[PDB]
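Structure first, then comments.
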Amino acid sequence: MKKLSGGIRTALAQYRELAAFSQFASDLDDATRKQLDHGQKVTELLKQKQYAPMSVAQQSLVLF
Amino acid sequence: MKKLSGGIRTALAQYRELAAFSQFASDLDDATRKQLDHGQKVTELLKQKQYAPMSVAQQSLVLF
Amino acid sequence: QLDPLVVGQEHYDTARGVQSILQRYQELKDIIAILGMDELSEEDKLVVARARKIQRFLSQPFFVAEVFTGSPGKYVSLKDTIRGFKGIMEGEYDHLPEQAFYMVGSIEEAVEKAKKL
Amino acid sequence: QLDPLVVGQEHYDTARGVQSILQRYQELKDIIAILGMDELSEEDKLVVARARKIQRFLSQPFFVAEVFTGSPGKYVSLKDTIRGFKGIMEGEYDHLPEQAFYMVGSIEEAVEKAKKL
Amino acid sequence: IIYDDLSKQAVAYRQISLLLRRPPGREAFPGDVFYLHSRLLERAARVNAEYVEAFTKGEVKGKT
Amino acid sequence: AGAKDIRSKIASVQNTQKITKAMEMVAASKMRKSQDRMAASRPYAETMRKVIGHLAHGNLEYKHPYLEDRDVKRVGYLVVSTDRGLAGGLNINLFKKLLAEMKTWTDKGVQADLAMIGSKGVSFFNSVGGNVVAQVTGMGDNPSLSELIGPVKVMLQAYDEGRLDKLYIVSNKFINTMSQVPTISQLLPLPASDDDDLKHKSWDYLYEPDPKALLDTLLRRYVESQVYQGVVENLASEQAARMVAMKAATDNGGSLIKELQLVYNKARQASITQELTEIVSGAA
Amino acid sequence: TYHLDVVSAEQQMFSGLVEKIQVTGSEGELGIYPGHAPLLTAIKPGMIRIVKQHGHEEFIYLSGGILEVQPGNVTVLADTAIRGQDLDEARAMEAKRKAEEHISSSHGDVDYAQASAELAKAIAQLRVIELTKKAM
């Protein structure tokens with residue numbers, strides 16, 4: 001988990017400030033288009049149902 | 001008065017909802033510009049001098 | 001209690017759809033104010049008209065308020081509520097005027113009121 | 001004592017117009033502070049200019065404050081001040097600079113000080 | 001261990017304190033509200049193998 | 001007052017600072033796109049001006065009206081303005097310069113006529129009472145030559161109809177990202193180019209049908225091209241000015257957060273003190 | 001081969017080397033081979049044929065323009081819309097009507113229209129300058 005996840009946290013902080021910038025900006029540079037469209041996938045991946053915990057194998061596979 | 005005052009609440013309510021734009025009023029559209037300039041007139045209408053009270057006929061006439 | 005496991009997916013999806021349409025109309029209000037309405041897409045003008053209808057339809061005449069306005073009250077069952085909102089959000093009633101939905105109680109009384117307007 | 005029935009309609013009306021201008025100027029200070037003075041409507045810049053001129057003209061040199069500033073004192077009569085403020089408000093001194101009004105007596109001394117910058 | 005609300009323990013301590021007349025402090029919480037949570041959460045610790053062996057009088061030796 | 005109202009106000013000023021930072025970045029990208037669309041305009045006007053030079057001052061010359069002066073009885077101005085605010089002083093410097101020169105000309109007793117590009121100038125010169133004879137508005141950041149044909153057609157028609165004696169374009173010049181300057185420059189009658197007739201003898205054209213008919217359309221297309229270039233430069237200048245103005249506004253908001261926080265801290269302390277004293281001094 | 005440009009007031013449309021081109025000149029069909037003597041003509045709206053070197057025929061649609069041929073170069077100054085006293089006059093009459101009856105179109109910038117409104121709402125009734133004792 002330390003290996004597969006060291007990047008996630010800063011990626012999401014920066015994605016969540018960028019996605020704020022984007023409300024006022026259409027006409028986005030494609031290099032930041034990539035960043036928004038990736039951050040959005042990963043944000044969608046981390047939401048989870050209430051009483052369904054995951055073993056570290058199932059989390060590491062998904063994060064991979 | 002109950003019949004006629006019912007339109008003043010709405011005039012001033014839409015005005016309070018649009019009042020934030022008064023300082024950029026030049027850029028506004030003519031659709032909302034008319035509401036913004038109607039609220040100001042019905043506000044200027046409610047001003048009144050001291051010791052000069054109005055009978056209900058005069059108030060109804062002006063609010064009409 | 002507003003989650004699917006208790007209210008069923010029908011009620012839950014209707015509620016979240018209504019909240020989403022109203023939340024979008026909040027966004028579009030401030031473009032309508034500046035650019036005027038004709039700068040909206042053909043779809044966005046549709047969100048606007050449906051959000052305004054949905055926003056009228058949430059009002060209702062109470063039996064105890066009759067003393068204030070003389071209008072008779074209406075009691076609306078939950079089936080009628082879900083059916084009416086779910087119809088409005090699907091374009092079933094795109095041909096009625098907005099005021100047809102104001103203080104109208106049940107959805108079947110909106111079609112009656114549209115004939116008289 | 002500030003009633004039309006006590007000071008007359010013209011004194012009262014001048015005072016109320018001065019309060020109105022200075023208040024409208026207070027309301028603009030936050031937008032002026034954030035966005036700068038160039039975003040103002042073309043007539044709000046005029047309100048700001050007349051408000052600052054009125055703020056200056058409210059100043060006066062006292063006879064007891066000679067020790068502090070050297071400049072000699074002035075005595076201004078009421079007839080002579082409502083005239084000056086009515087003038088500044090009606091726009092008939094818009095061509096003078098602000099500093100022409102700071103620490104003078106009646107309005108004539110401002111019209112003079114402008115010659116000497 | 002999960003303390004469901006240490007927020008509603010601070011409130012209960014404030015109650016049971018003011019009723020003993022003890023002088024309050026910032027936001028009317030008692031003087032030592034910091035000490036209340038401090039001496040609680042400082043029991044959550046990892047304890048090395050010699051403390052375990054000494055406390056348990058030698059019955060457990062390898063563990064932490 | 002009271003710590004809560006000030007904390008709300010601080011929240012709203014932080015939000016304002018976010019918004020103006022976003023607008024700065026948006027204008028900073030649109031500026032590069034605008035100054036690219038500006039560079040794509042040069043070739044057409046440059047080669048058409050070389051052709052006009054050949055037909056005008058080469059080994060032969062023609063008596064076309066647009067090329068030689070006459071008595072100035074009235075002047076036309078083509079005014080370019082932004083369609084959007086928050087650009088700072090851009091529009092007003094220009095309008096003041098224009099008003100000064102229009103005053104000069106009206107002192108000599110010659111009227112002036114205005115054709116407007118952009119809605120800000122339209123509203124301004126309506127409120128000031130100038131003579132606006134034609135207009136186009138709402139181009140935004142998609143200026144197109146097909147929409148400029150109207151007003152320049154009006155002004156050219158009125159020129160060759162003898163009702164104008166000189167024609168100007170007033171617009172900003174995107175000198176550098178930190179500096180733009182309003183310029184009023186003449187485009188009729190045609191400015192004397194830095195060109196020499198000596199080079200012309202090398203060759204001449206086979207005119208089809210004949211040069212007198214071609215030169216007319218060349219000059220009309222050239223004037224249109226220059227009005228278009230002025231519009232695109234004014235647009236790039238608008239983007240740059242909005243960028244720098246939003247920079248200034250974001251710094252002004254940041255420097256105000258730090259005043260509101262002093263106020264907030266003072267009110268926080270005052271409320272703690274008052275409350276704790278009202279408790280301890282009520283006991284016993 | 002020779003070097004051809006097709007350009008407009010707004011944007012370029014072609015650049016590169018060519019063998020021949022065929023153009024429906026204003027006074028008649030016309031075709032340019034290398035070394036063609038200097039020439040200058042208007043052209044009618046319609047297609048023009050480029051044959052790029054190696055013989056790759058191409059078509060471009062021009063709404064009009066002017067053709068200039070030189071010793072080495074040739075350049076086509078296209079224009080972006082059909083031109084003529086018939087249509088330019090309608091454009092001009094509309095440009096007058098909109099100044100006589102003060103018709104202002106909205107710009108298209110939805111991004112600016114949103115940011116401006118959020119800024120107007122955030123900056124409203126802020127009263128900050130009464131609160132911090134900033135003299136002003």
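The values are calculated or read from the model by the stated rules, or taken from the named source; no laboratory read-out is quoted. Cβ coordinates were reconstructed from backbone atoms using ideal geometry, including for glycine residues, and neighbour counts include every protein chain displayed.
Note on segment B:26-60: among residues that are more than 17 Å from residue C:30 (Cβ to Cβ) and of a type in the set (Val, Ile, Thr), the one that is nearest to the chain's Cα centre (by Cα) is B:42. On the basis of being within 30 Å of residue F:278 (Cβ to Cβ), of a type outside the set (A, V, I, L, M, F, W, C) and exposed (fewer than 10 other Cβ atoms within 10 Å of the Cβ), does residue E:21 make the cut? Against the criterion (within 30 Å of residue F:278 (Cβ to Cβ), of a type outside the set (A, V, I, L, M, F, W, C) and exposed (fewer than 10 other Cβ atoms within 10 Å of the Cβ)), residue E:21 qualifies.
The criterion of at least 1 residues that are in contact (Cβ under 8 Å) with a residue 60 or more places away in the chain and more than 14 Å from chain C (Cβ to nearest Cβ) is met, among helices (runs of 4 or more DSSP H) falling completely within chain B, by B:2-18, B:56-63.
Restricting the search to helices (runs of 4 or more DSSP H) fully inside segment D:26-102 and requiring at least 3 residues that are in contact (Cβ under 8 Å) with a residue 40 or more places away in the chain gives D:44-57, D:78-90. With respect to the stated conditions, residue F:198 fails to be aliphatic (A, V, I, L, M) and not assigned by CATH to the domain that holds residue F:87.
When segment F:130-174 is limited to residues that are facing chain G (nearest Cβ under 9 Å) and farther than 20 Å from residue G:88 by Cα, the one that is surrounded by the fewest Cβ atoms within 10 Å (Cβ to Cβ) turns out to be F:142. Yes or no: residue G:68 within 21 Å of the chain's Cα centre (by Cα), surrounded by fewer than 15 Cβ atoms within 10 Å (Cβ to Cβ) and within 9 Å of another protein chain (Cβ to nearest Cβ)? Answer is no for this residue. Count of segment G:21-46 residues, restricted to those that are assigned to a loop (DSSP other than H, G, I, E, B), under 25 Å from the mean Cα position of the chain (by Cα) and surrounded by fewer than 16 Cβ atoms within 10 Å (Cβ to Cβ), is 1. Number of residues in segment G:80-90 that are more than 7 Å from every other protein chain (Cβ to nearest Cβ), part of a loop (DSSP other than H, G, I, E, B) and on the phi < 0 side of the Ramachandran plot equals 2.
Among residues of segment E:3-25 that are away from chain F (no Cβ under 14 Å), those with a beta-carbon under 8 Å from a residue that is hydrophobic (A, V, I, L, M, F, W, C) and in a helix (DSSP H, G or I) at least six positions away or on a different chain give the pairs E:3/E:40; E:6/E:40; E:9/E:36; E:10/E:33; E:10/E:36; E:13/E:33; E:13/E:36. Taken together, the residues in segment D:59-84 that are closer than 16 Å to residue D:16 by Cα and surrounded by 12 or more Cβ atoms within 10 Å (Cβ to Cβ) amount to 4. The sole residue among G:120, G:124, G:113, G:92 that is within 25 Å of the chain's Cα centre (by Cα), outside the structural domain of residue G:7 (by CATH) and over 30 Å from residue G:21 (Cα atoms) is G:92. Consider segment B:3-21. How many of its residues are closer than 20 Å to residue C:26 by Cα and among the basic types (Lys, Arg)? Summing the residues that are closer than 20 Å to residue C:26 by Cα and among the basic types (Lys, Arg) in segment B:3-21 gives 1. Within segment F:221-260, the only residue that satisfies the criterion of being buried (at least 24 other Cβ atoms within 10 Å of the Cβ), among the charged types (D, E, K, R) and within 10 Å of chain G (Cβ to nearest Cβ) is F:242. Regarding segment F:45-63, can at least one residue be identified that is over 29 Å from residue G:66 (Cβ atoms), away from every other protein chain (no Cβ under 13 Å) and out of contact with any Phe, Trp or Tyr (no Cβ under 8 Å at 6 or more places or on another chain)? No. Checked across segment G:43-52, the condition of being without any contact (Cβ under 8 Å) to a residue 60 or more places away in the chain and within 8 Å of chain F (Cβ to nearest Cβ) holds for no residue. Checking each residue in segment F:83-116 for being in contact (Cβ under 8 Å) with a residue 40 or more places away in the chain, within 14 Å of chain G (Cβ to nearest Cβ) and over 21 Å from residue F:149 (Cβ atoms) picks out F:84, F:86, F:87.
If you take the residues of segment F:175-208 that are touching a residue at least 60 places away in the same chain (Cβ under 8 Å) and part of a loop (DSSP other than H, G, I, E, B), which of them is nearest to the other protein chains (Cβ to nearest Cβ)? Restricting to residues being touching a residue at least 60 places away in the same chain (Cβ under 8 Å) and part of a loop (DSSP other than H, G, I, E, B), the top hit is F:205. Note on segment G:91-129: residues that are facing another protein chain (nearest Cβ under 7 Å) and assigned to a helix (DSSP H, G or I) amount to 22.
Return yes or no: is residue D:66 more than 30 Å from residue B:26 (Cβ to Cβ) and out of contact with any helix residue (DSSP H, G or I) (no Cβ under 9 Å at 6 or more places or on another chain)? Taking the combined requirement at face value, the residue satisfies it. Given the criterion touching a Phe, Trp or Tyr at 6+ places or on another chain (Cβ under 6 Å) and under 30 Å from residue D:36 (Cβ atoms), identify the matching residue among F:236, F:248, F:267, F:241. The match here is F:236.
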